[PDB]
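Here the structure is laid out as structure tokens; the discussion comes afterwards.
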Amino acid sequence: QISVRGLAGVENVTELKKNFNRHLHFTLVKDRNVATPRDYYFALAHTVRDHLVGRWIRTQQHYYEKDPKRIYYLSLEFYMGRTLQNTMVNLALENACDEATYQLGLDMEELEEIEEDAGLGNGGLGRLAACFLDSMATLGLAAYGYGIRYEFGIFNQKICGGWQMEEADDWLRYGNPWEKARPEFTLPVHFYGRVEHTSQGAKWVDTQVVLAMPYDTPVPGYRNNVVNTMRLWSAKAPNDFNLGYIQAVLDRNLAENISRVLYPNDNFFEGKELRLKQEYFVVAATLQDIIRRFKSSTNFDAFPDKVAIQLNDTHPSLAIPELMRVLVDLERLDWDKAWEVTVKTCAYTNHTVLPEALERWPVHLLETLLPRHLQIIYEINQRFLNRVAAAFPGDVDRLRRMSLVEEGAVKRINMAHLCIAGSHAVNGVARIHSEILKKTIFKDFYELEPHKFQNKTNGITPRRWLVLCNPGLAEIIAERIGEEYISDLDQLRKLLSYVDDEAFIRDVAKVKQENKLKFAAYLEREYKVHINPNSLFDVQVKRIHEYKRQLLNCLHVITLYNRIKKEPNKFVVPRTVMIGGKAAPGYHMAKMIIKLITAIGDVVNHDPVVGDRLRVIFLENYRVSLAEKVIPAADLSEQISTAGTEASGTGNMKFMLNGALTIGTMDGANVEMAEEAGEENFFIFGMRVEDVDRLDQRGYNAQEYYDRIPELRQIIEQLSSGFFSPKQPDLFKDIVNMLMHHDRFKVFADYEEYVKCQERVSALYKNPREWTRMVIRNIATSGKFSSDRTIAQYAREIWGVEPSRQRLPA
Ligand SMILES: OC[C@H]1O[C@@H](n2cc(-c3cccc4ccccc34)nn2)[C@H](O)[C@@H](O)[C@@H]1O
């Protein structure tokens, strides 16, 4: 049908049709008479999967023969979403499979909707890992994703009476056709025990053993025949575990609970023992596998020349003392050589400056669970503080600030300090975030070792985030500039010469309208809610957190409603305001914000005076596959975090690529986005980081804003008096109290500029042609934000490897 989706050749369609019928019969044990739509999806999944295997076997064979430097991306989260359409896209099978299934009398899009998201992540940090795997394969790097195969991913979010309810995400219920179990690579992981000192070094004895069984998922590059591996560990009890008899067998679940469920915290460091076990489990199993593969290529001097380990936050930070443990205790290298290998192998990426997010493990926990690693950490710290003392003589406070061991009520290990000390490179995820790291939380470390500190601005994959989710836009772009931009997103600059092109202007606008119509229908068909597709689609989608200021959005929405009620017969640009995201189950305020949003909607959506001029919708169960639907449909992207709090953002980049304009603060990657597009083409408002600092020194007094802004006072009075909760007048007392007395993120301080800037958005929207030309200027300058660029920078400046766009033989 459309060009970017590949050729539908006669030979291919015939072959796909027959393999589909073979799988339906032989693999699913069905015929067309009793086959469910789920069987049809599975037959298609198996057909497409067959096209991966040849390439997967010869990519891994290629890496054995060539022996390149291997990249190991260690993460507790891989937010993958669905695999079927992405596989077709990267293999150029999409039109062919579409045609083949059409001829079989099936609708492929309906079949695609049956696949469960692999929801093995919470939000931005997990999705980054997934975009990274895609870019690494596309750039022909010998890269492996390593994580945990959770039985249950992020919870499915249900909204009942306006409240979030969580339910278990049983994503493996019907089976996962994309994974291949590799039980021949099952590995032992040790916990507890104690340390014995012999004549010949320390020994870790009396341990409990949990087995780690790997499951391999293919990661196909874009049209280059490269298929890399994401290896995920599953916990298994050994067969003599606890071995009355029945209880012993039932108790096996204690060991296997390690890989049962993803921790759903996007907010507040929870020092739970099960989480620590998860962190060590993935680290211990991965390092054994890395070393095994290294040996199967004695000499550990060359180890860093053949191995790079990237740590996705501090979650796999135990890789540092674990590598030391293996090298010193098992391989009998001396400390200094082992440490040199470790530093040169490891690199650390930070994703937040919020103090409550930092991992600070109680010493008594590491004492019990990992006695040897605690000893190694103490030795690391001692030798590190000796270096600090020699560089800054007499600076006793610097020593205690930089210590990996924090003294207090309970002694803690600071895992971020561990990571910096044990890594040859430390990076932030956007230029401003990376500067904030050097100036504030890691200032002392930067002064000691300035060369370790880097920036690597985040990116998103244009395969999933344009071609897959927005074929219409990819096609009109391809019509003018060809197809090469899909793996070379900088080529989108060539679209700047079409900004005054009347045909292109009309096409860009047409595609958006089609996307909005399709999404407006999806809402009714799946959720029975009626929206006006001619309104401006104002969308804020991301995890619910106070720093992200969904509450500032709420205040604007209430302002618009009150202004309508004040002057009913005045014209206003119609808006559909969509807010979506999950709240961490124990985050009370985040759960209150969800309830506020639905409560606002209850009032706004049923006011006869309002009509269809304003709608407030809460997007339930936001996740990767819903993002693929709503993002192409958006006109306005809300990126309104308090300056200095959003490390980068990646949702922002998705919206920019898909033809939405951005309203945002100068925070994270918004700064670089505005810089690329030009500030005239961006809706910037609010305090800069400097302004936040000034307010903090003086003291933030919310009351001042309440007293001086009559429209704000009215909103707070409506919330307090029970205007949005008639049966429970004091329901939102917590929200008001927080806003008035302990708002860390200064919601009121940005309110005036925000509302004013929102008016400028509505003004532009009244002029479709000038709205669309500004959109073109955004899409055209979005090229920097491809994770292909990000990964090439990691590759060259951290890992020491050269990317390749060359095909492997088919
Ligand atoms: O680098 C990729 C993205 O990572 C995001 N992120 C941060 C976190 C995160 C994990 C664990 C605890 C956290 C606590 C507070 C804020 C974020 C947390 N999860 N995702 C960052 O919040 C976002 O700015 C960035 O674009």
Side-chain angles (χ1 to χ4, degrees), residues 73 75-79 119-133 135 154 262-272 275 278-279 310-317 348-360 415-416 426-434 436-437 441 454-461 465 541-550 581-587 589-590 622 624 627 637 639-656 664-673 744-745 785 787 790-791 793-794:
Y73 200 83
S75 189
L76 270 84
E77 300 189 19
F78 289 94
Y79 210 170
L120 311 187
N122 280 288
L125 167 157
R127 207 327 113 173
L128 191 74
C131 284
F132 276 12
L133 295 182
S135 289
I154 188 64
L262 167 73
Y263 273 88
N265 289 342
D266 199 273
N267 72 304
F268 181 79
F269 170 69
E270 222 183 324
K272 294 302 201 291
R275 170 68 172 193
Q278 289 186 332
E279 294 183 351
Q310 194 68 37
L311 307 167
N312 198 21
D313 213 303
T314 57
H315 314 148
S317 67
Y348 160 62
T349 303
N350 170 271
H351 301 271
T352 186
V353 299
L354 294 186
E356 73 268 30
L358 303 196
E359 294 195 290
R360 289 146 68 253
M415 305 309 276
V426 171
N427 78 280
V429 291
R431 184 214 294 145
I432 196 178
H433 171 53
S434 292
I436 287 171
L437 288 184
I441 59 169
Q454 300 189 26
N455 178 240
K456 298 285 168 292
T457 305
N458 280 169
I460 53 156
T461 179
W465 297 116
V541 288
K542 64 252 265 90
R543 290 291 296 255
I544 314 291
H545 200 293
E546 283 166 273
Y547 88 84
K548 295 164 181 286
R549 298 202 298 191
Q550 283 88 9
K582 289 168 190 182
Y587 194 171
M589 194 58 63
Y622 179 66
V624 170
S637 170
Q639 306 295 330
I640 58 173
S641 57
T642 313
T645 64
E646 189 75 86
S648 171
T650 56
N652 53 178
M653 302 164 185
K654 303 170 196 177
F655 285 96
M656 191 188 191
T665 53
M666 284 298 195
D667 199 19
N670 296 357
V671 181
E672 294 164 76
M673 283 165 65
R744 290 172 67 209
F745 310 103
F785 307 108
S787 46
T790 314
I791 287 302
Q793 293 182 326
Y794 275 92

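The analysis underlying the following values was restricted to heavy atoms, covering all of them including side chains, and did not include hydrogens, waters or symmetry mates. Numbers for residues simply follow the sequence, beginning at 1. Order of appearance sets the numbers: ligands from 1, and atoms from 1 within every ligand.
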Do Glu546 and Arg744 sit within salt-bridge range, that is, some charged N less than 4.0 Å from a carboxylate O?
no

Compute the shortest N/O to N/O distance between [X] and ligand 1 and return yes if it is under 3.5 Å, no if not.
{"X": "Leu125", "answer": "yes"}
{"X": "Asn267", "answer": "no"}
{"X": "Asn458", "answer": "yes"}
{"X": "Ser648", "answer": "yes"}
{"X": "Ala647", "answer": "yes"}

To check your reading of the model: name the closest protein heavy atom to [atom], its residue, and the distance in Å.
{"atom": "atom 11 (C) of ligand 1", "result": "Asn265 O, 4.1 Å"}
{"atom": "atom 9 (C) of ligand 1", "result": "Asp266 O, 4.2 Å"}
{"atom": "atom 23 (C) of ligand 1", "result": "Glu646 OE2, 3.4 Å"}
{"atom": "atom 7 (C) of ligand 1", "result": "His351 O, 3.9 Å"}
{"atom": "atom 3 (C) of ligand 1", "result": "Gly124 C, 3.7 Å"}
{"atom": "atom 26 (O) of ligand 1", "result": "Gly649 N, 2.8 Å"}

Looking only at heavy atoms, is any part of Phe269 under 4.0 Å from ligand 1, and if so is it the side chain, the backbone, or both, or is it neither?
neither

